[PDB]
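Presented below, as structure tokens, is a lone chain in the form deposited in one PDB entry.
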């Protein structure tokens, strides 16, 4: 599904050069070789790739008329757990979360990625973990956040009795089979979910997606 030309780029990208060379600039992130190397097999992805990738989803949806998406920094959820609504109040500035259809929040549990899908249209919070763990209180925390934004930015209490959450169980969604691909599921879970698309994929697709992703980043485009 890739070409020789594409496969070359990807190779020249994935090693051989200066740790710090700048490979792709956008969303005011500077993706450096060392970053891109995180996409190498079994390598764990650092925040830089997932932030960059998230942003590419937004620009993807925008060009194919997919649901309005808003994407949070991998840092957002630590900081809000750490020092509460008040810590992350400004983060959402030029933006009204509530005119958006989908909110993706990537969770960085310890040495491990997850995702929360906040679906405004369904008034629902979906936690996904490729490693099968429950997102119960990740969830309560974030909803509480929306209450706070709704109150603070819109001046409107939220109707918390209409809001549901459910964290997806090991059998409901695709699990990982190596100890390295979570950040790739986190990313691919985002992608399908942001297109209203049922999750057809499996771990076995993930190495291509890996190889594929570094293309996506370089060319700032999705396939």
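Positions refer to the first chain, counted from 1. So that the term is clear: the rigid core is the largest set of C-alpha atoms that superpose within 1.5 Å between two forms. Only residues modelled in both forms are compared.
From this point on, the text means the form deposited in another entry, which you will not see here.
Among the candidates 55, 175, 61, 46, the CA atom that moves 2 angstroms or more between the shown form and the other one after core superposition belongs to 175 alone. Relative to this form, the distance between the C-alpha atoms of residue 179 and residue 138 is reduced by at least 3 angstroms in the other form. A shift of at least 3 angstroms pushes the Cα atoms of residue 197 and residue 174 further from each other in the other form than in the displayed structure. Relative to the superposed core, just one shifted segment between the shown form and the other one, defined as three or more consecutive residues with every Cα moved by 2 Å or more, spans 172-179.
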